[PDB]
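For reference, the structure discussed in these notes is given below.
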Number of protein chains: 2
Amino acid sequence: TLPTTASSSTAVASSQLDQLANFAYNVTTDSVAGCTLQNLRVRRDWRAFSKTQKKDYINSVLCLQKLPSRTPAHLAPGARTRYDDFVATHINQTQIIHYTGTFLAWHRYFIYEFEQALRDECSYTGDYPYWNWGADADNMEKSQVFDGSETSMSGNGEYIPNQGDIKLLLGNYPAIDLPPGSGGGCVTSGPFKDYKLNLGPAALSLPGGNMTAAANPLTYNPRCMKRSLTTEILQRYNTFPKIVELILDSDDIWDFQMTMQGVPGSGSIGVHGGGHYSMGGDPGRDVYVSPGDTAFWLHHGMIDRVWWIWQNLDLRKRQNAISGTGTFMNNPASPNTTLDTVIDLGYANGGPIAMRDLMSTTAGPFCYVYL
Amino acid sequence: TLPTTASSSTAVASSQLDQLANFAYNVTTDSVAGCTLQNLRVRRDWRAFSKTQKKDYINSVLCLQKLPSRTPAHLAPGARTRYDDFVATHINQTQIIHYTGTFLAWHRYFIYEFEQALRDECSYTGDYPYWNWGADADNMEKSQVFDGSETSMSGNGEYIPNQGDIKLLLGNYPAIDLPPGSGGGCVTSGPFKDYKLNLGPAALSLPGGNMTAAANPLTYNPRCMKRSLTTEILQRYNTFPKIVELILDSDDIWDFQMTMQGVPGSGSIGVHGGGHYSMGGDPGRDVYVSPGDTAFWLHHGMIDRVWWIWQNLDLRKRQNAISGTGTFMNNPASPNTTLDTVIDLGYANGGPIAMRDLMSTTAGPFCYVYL
Ligand SMILES: *[C@@H]1O[C@H](CO)[C@@H](O[C@@H]2O[C@H](CO)[C@@H](O[C@@H]3O[C@H](CO)[C@@H](O)[C@H](O)[C@@H]3O)[C@H](O)[C@H]2NC(C)=O)[C@H](O)[C@H]1NC(C)=O
Ligand SMILES: *[C@@H]1O[C@H](CO)[C@@H](O[C@@H]2O[C@H](CO)[C@@H](O)[C@H](O)[C@H]2NC(C)=O)[C@H](O)[C@H]1NC(C)=O
Ligand SMILES: *[C@@H]1O[C@H](CO)[C@@H](O)[C@H](O)[C@H]1NC(C)=O
Ligand SMILES: *[C@@H]1O[C@H](CO)[C@@H](O)[C@H](O)[C@H]1NC(C)=O
Ligand SMILES: *[C@@H]1O[C@H](CO)[C@@H](O)[C@H](O)[C@H]1NC(C)=O
Ligand SMILES: *[C@@H]1O[C@H](CO)[C@@H](O)[C@H](O)[C@H]1NC(C)=O
Ligand SMILES: *[C@@H]1O[C@H](CO)[C@@H](O)[C@H](O)[C@H]1NC(C)=O
Ligand SMILES: *[C@@H]1O[C@H](CO)[C@@H](O)[C@H](O)[C@H]1NC(C)=O
Ligand SMILES: *[C@H]1O[C@H](CO)[C@@H](O)[C@H](O)[C@@H]1O
Ligand SMILES: *[C@H]1O[C@H](CO)[C@@H](O)[C@H](O)[C@@H]1O
Ligand SMILES: *[C@H]1O[C@H](CO)[C@@H](O)[C@H](O)[C@@H]1O
Ligand SMILES: [Cu+2]
Ligand SMILES: [Cu+2]
Ligand SMILES: [Cu+2]
Ligand SMILES: [Cu+2]
């Protein structure tokens, strides 16, 4: 018998999440037969990767950051690498892939196709990782994703003292205040210390309230990845209670995707905004360029997982459920998203595909599950 | 001794507006003391144009609808005419020119560059016209702008019976319901009966609440202009009392521009939305494609006039006043507009220009006044 209310105890909620996740795993694996149980892939918590497993994933990402970019130079002058190709299409489409009916599915297809690049162009044969925020909400610096060792996605940014607070503005609502974290400078430890962020900033929120924005964020702007790990943000938005809340208290797709992303004006940024802004720095604090932070892919692995859990809890009603339009917060107004709506990743990978073919992890081009 | 509170009598409010406009005229001509009294242009009510002067203007617009487009085909494949060049750039920039700090200035520059094309490519030597909404709020079908004669911008459209209401949505707020007008179909008469609208639809609101959106609204879609004149929209949002309230109750530029465009959630679409949607039809009900309705230019003449009046009531504080950001309703968040923000019209006409050179009708490229 599944839980129905999220516990306020962290240990309790974590066990509730396991139960629901196991429920969804059972639902997926039982119904599967192109995708079969025999060729079904499994995505796992970063913490369950062995040291060699972690290093194989990291090395494949590094490979992508070394290979020439496919995007025609005249459409994205700043692109240099295959990794940049994914950042550039995200930047290019930010205003029709967040707070839209396509947000969840687009990102599902996005990370799938990023995974395909690792496998087909960088000889990656491991499992797709996800970052379970709940386990790190008490100390982000100790997260295996961000501890700075050679099995992490590099570490914190170097310490910059006396940083003012972050002030997140959307529309005309009052700013959401956030502390600035423990870093702020370049990330100079771990396997990405030599990584060059090449695109943006498009809309970079800064300590103190300012926002930096390039004239054209697709032009060349080589610089260091910065971070300022902010545990306090995870403590507010990404604890195991908040994760289970999101799954159990959302009765339709609208409430789920909006609770996940944060209801504008509500004071909360959800698990999705909480994971992003907990990284801090650059592009961590830039909704357009966020894939430029290597932890993006683990973050959205967990996003896709929580959606997949929520879907499988009431499959018949939820698998193909869509709500919202084709424009950011429906500004300007645009038609409702439908199963016939087509999305694409530009020159990053793959091709145009209908929403219809993205709603199940065991259908269309998808054949995977979460453990 | 100027009015300070708007009157509810349409007769008194009309005289109040006349006093405020006459004050603004005095202020501007006094300021003019390369803009001089000897070269200052006067923009005038369409109702003040003689029959010959009206036909002179219409014929120049028709000339622009026959001259070949400048836009590179690969950027706007549906463009055919110089008129299309203006429609195309508006479509392309709609999301950064409405509910932005640049809204008022951008449209001032837009209609001036349209005037440039009339004067330099179609031999126009007359005055720029404006549509005084308040004088037609009692019956739009008798408006000299919309009466369907050879001195109108064409008139009403073919009858469509038993139409549903227009339902205007923005972000989350409940719909503003508008009646669907006394027409519906292609214009039946007047100078633009055979005029072909080539771009869009991009986001065309329809009777009953649906919206039509082309996959790419910059590709070729030749069709008639449709109209459904809606006097009740003018009665609700564009009477002389509503015009005077906008001017006299707005104590800063944020409030002025937002009251003009309609505050989301307020139930009102302001004089700006009222003028647009009162035309009904296609592209009248399409925020991206609206310059495709030939009355657009007279509508935005009045918009600019009302801004000019408001500026001249306190020039020291209002001449150069700006508020807002570079994105529609600041979704997603973007930096504040400043006097150094640059706007441009693509290939429609002219070069890039900074906000600081747009704030006065008697500075920068501008040397005109309203009577
Ligand atoms: C709609 O708005 C977009 C964004 O402002 C406009 O995009 C701009 O288009 C031009 C022309 O394609 C791009 O520029 C230059 O062309 C030369 C080759 O002649 C190339 O070598 C340069 O690198 C550059 O691409 C420009 O970069 C591009 N800007 C952005 C931000 O993408 C578009 O032209 C507008 N469409 C219409 C119909 O006005
Ligand atoms: C950003 O998105 C736009 C729209 O999807 C892309 O524009 C297409 O670009 C190709 C190649 O220049 C054109 O043939 C199409 O006509 C364009 N479509 C539209 C609707 O304009 C653009 O290429 C994307 N840029 C990147 C870097 O992905
Ligand atoms: C999943 O299936 C196993 C049997 O294969 C069962 O023991 C377990 O209780 C199931 N989990 C849930 C949450 O139903
Ligand atoms: C914010 O930007 C302004 C200029 O717009 C600058 O003067 C100020 O120092 C900046 N504030 C911080 C905290 O960096
Ligand atoms: C925009 O201007 C307001 C003042 O009206 C200021 O408080 C805010 O910080 C500015 N926004 C940014 C992103 O700097
Ligand atoms: C405008 O100036 C004229 C001429 O000086 C004057 O007669 C009139 O009263 C003025 N109008 C206003 C509203 O100040
Ligand atoms: C969008 O869907 C809602 C129901 O979720 C519907 O009421 C509305 O009319 C739709 N919008 C359009 C523009 O058709
Ligand atoms: C509105 O759109 C829906 C969805 O396509 C359609 O079923 C309905 O018939 C449309 N109504 C009108 C009046 O066009
Ligand atoms: C367990 O720990 C979480 C943080 O991970 C708290 O938010 C919760 O209230 C409980 O103390
Ligand atoms: C209108 O009223 C004002 C009051 O200040 C006078 O200054 C002016 O002469 C006119 O009578
Ligand atoms: C203003 O408008 C009202 C009706 O809207 C009339 O009663 C008045 O005479 C003036 O035309
Ligand atoms: Cu995204
Ligand atoms: Cu994200
Ligand atoms: Cu406009
Ligand atoms: Cu307008």
Side-chain angles (χ1 to χ4, degrees), chain A residues 74 91 93-100 166-173 175-176 201-206 209-217 254 258 261 263-266 273 285-290 323-338 340-342 344 352, chain B residues 74 91 93-100 166-173 175-176 201-206 209-217 254-255 258 261 263-265 273 285-290 323-338 340-342 344 352:
Chain A
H74 57 279
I91 293 172
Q93 301 193 65
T94 284
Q95 308 186 352
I96 60 170
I97 64 180
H98 305 100
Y99 288 116
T100 58
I166 307 305
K167 289 122 178 139
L168 301 181
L169 290 155
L170 195 54
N172 202 32
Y173 293 111
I176 294 176
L204 179 63
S205 287
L206 298 174
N210 291 332
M211 163 174 299
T212 297
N216 179 351
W254 170 267
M258 288 302 290
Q261 291 171 101
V263 179
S266 73
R285 301 197 177 110
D286 187 326
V287 180
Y288 297 78
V289 191
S290 62
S323 182
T325 73
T327 48
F328 193 105
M329 282 310 298
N330 203 33
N331 279 261
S334 66
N336 289 327
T337 313
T338 74
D340 293 350
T341 298
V342 171
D344 67 67
Chain B
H74 69 273
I91 291 166
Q93 303 189 70
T94 282
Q95 281 164 208
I96 60 161
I97 64 185
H98 299 93
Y99 288 110
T100 60
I166 306 298
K167 294 166 189 169
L168 295 188
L169 302 164
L170 204 282
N172 204 231
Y173 312 94
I176 294 178
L204 178 67
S205 295
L206 302 169
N210 285 349
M211 175 174 280
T212 304
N216 186 334
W254 171 266
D255 297 348
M258 290 299 293
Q261 288 169 105
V263 180
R285 301 195 182 113
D286 188 325
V287 297
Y288 298 77
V289 191
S290 66
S323 181
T325 72
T327 49
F328 193 110
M329 285 296 295
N330 204 30
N331 297 324
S334 65
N336 285 331
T337 309
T338 80
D340 298 317
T341 300
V342 170
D344 118 292

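So you know, we letter chains A, B, ... as the sequences are listed, proteins then strands, and number each from 1.
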- What part of A:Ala333 gets closer than 4.5 Å to chain B, counting heavy atoms only: side chain, backbone, both or neither? both

- Message: Could you report the tightest heavy-atom contact between A:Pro352 and A:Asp344, atom names first, then the distance?
- Response: CA-CB, 4.1 Å

- Any idea which of A:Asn331, A:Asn330, A:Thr327 has the most non-hydrogen atom pairs under 4.5 angstrom with chain B? A:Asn331

- Taken to the nearest 0.5 Å, the spacing of B:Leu204 CG from B:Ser290 OG works out to 11.5 Å

- Note on the structure: From the list B:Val287, B:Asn210, B:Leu170, the residue making the most non-hydrogen contacts under 4.5 Å with chain A is B:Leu170

- Message: Testing the basics here: between B:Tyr173 and B:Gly265, what is the closest heavy-atom pair and its distance to 0.1 Å?
- Response: CD2-CA, 3.5 Å

- Comparing A:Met211, A:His98, A:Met329 against chain B, the one with the most heavy-atom pairs below 4.5 Å turns out to be A:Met211

- Item | Shortest non-hydrogen separation from A:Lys167 to A:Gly209 and the atoms involved | CD-CA, 3.6 Å

- Check each atom of A:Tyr288 against the heavy atoms of chain B and say whether the ones under 4.5 Å are side chain, backbone, both or neither. side chain

- Query: If you tally heavy-atom pairs under 4.5 Å against chain A, which of B:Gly324, B:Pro335, B:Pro332 wins?
  - Reply: B:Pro332

- Does B:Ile166 reach the side chain of B:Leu168, with side-chain heavy atoms less than 4.5 Å apart? yes

